[PDB]
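Taking the form deposited in one PDB entry, here's one chain by itself in structure tokens.
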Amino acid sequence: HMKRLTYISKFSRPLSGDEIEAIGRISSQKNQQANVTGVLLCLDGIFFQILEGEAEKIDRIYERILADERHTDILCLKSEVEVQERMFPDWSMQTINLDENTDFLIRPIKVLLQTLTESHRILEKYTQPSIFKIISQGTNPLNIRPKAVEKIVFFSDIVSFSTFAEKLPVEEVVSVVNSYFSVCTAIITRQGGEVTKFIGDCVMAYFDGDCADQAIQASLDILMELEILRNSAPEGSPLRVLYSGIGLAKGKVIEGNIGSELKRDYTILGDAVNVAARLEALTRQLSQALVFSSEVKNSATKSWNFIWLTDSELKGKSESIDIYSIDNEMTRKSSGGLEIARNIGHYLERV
């Protein structure tokens, strides 16, 4: 099996001739001890690199490049798993600095490579990094046929969020939404989870089938990070009255490409999604900042201090579902805030 890695990279520090040449030197040298090949390119503070060789050798090389101080946003563009005949056998790493040389046919292609990457950097921010990992794994996400997979759906939102949008100016509101979103996304990803949607102030994420505990943990930390943010903010910041509401549900969902021909997403779709959505909806009524289904509770390895709440039902297998929260110091501090939903408005009046 022969691999083919292609990627883009940004210059973290403005590199000069001596530094650029040094990168080109080591590359051709080390590749000879591993038989591996490829081509290096350069333009307006951007790197372009193709690589060919053995899967175990090639994967070790890419890992090393990710540690360099002058490298930021190392995005793999294509990864061919099985290759019969290498497209670059006569070379090792023939560096091509287009920043220096200017010809006739190259001049238009130069502008092209600048605008193409520029645009590719703009899309990168608006695309779900879940698809980028798929490309890097060596698969076209559009080619993925939908599958039946059991998962834990996470659904959260900002408590009495409408009062922020009603009182505060448009700029102040979005910074608070984004703040919350960037917090919620961070904790979930690091816990091996995936944020897949947003709607107003809603966040919708998912974790593995067995990842019940990792999900419970993620919700507790979201509350935790918000507790610090409620106090540690200065007197005259809306971030003081920021509270979350979280819902979790386990079940079999359909994950794949779901949307119009124009725009789609590699997300989940199932009954569990709505089960979570509706459970979270109940956090303001149950006065518990965290709410989850009995299936989540049973799927847990750890023996958490679970609270049982007045069971309610909707769709599914027609049968009723049991609602559970967790009795913790963090939950107690956050579950009381749902009855402070009228004391938050008093604060937002002054600002």
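Residues carry their position along the shown sequence, with the first being 1.
> Does at least a third of the other compared PDB entries (those resolving both flanking residues) leave residue 336 without coordinates?
Yes, residue 336 lacks coordinates in at least a third of the other compared entries.
> Quick one: say whether 80-88 or 112-120 has the higher mean Cα B-factor in the deposited entry.
Mean C-alpha B-factor is greater for 80-88.
> Per the record, averaged over C-alpha atoms, which has the higher B-factor: 138-146 or 247-255?
Averaging CA B-factors over each stretch, the winner is 138-146.
> Comparing recorded Cα B-factors across 286, 43, 66, 326, which one is largest?
Highest CA B-factor of the listed options: 66.
> Can you tell me which third, lowest, middle or highest, the CA B-factor of residue 101 falls into for its chain?
CA B-factor rank for residue 101: highest third.
> Ranking every modelled residue in this chain by its Cα temperature factor as given in the entry, which third contains residue 279?
Lowest third.
> Residue 290's Cα B-factor: lowest, middle or highest third of the chain?
Lowest third.
> With respect to C-alpha B-factor, does residue 71 fall in the lowest, middle or highest third of the chain as deposited?
CA B-factor rank for residue 71: highest third.
> What third of its chain's C-alpha B-factors does residue 200 belong to: lowest, middle or highest?
For residue 200, whose C-alpha B-factor we compare with every modelled residue in the chain, the answer is the lowest third.
This next part talks about the form deposited in another entry, which is not shown.
> Hey, between the shown form and the other one do residue 214 and residue 86 ride in the same rigid part?
For residue 214 and residue 86, the answer is no, because the two are assigned to different rigid parts.
> Please say whether the CA atoms of residue 155 and residue 317 come closer or move farther apart in the other form, knowing the change relative to this form is 3 Å or more.
Distance between the C-alphas of residue 155 and residue 317: shorter in the other form, by 3 Å or more.
> With a shift of at least 3 angstroms, figure out whether the C-alpha spacing between residue 143 and residue 62 grows or shrinks in the other form: closer or farther?
Farther, not closer.
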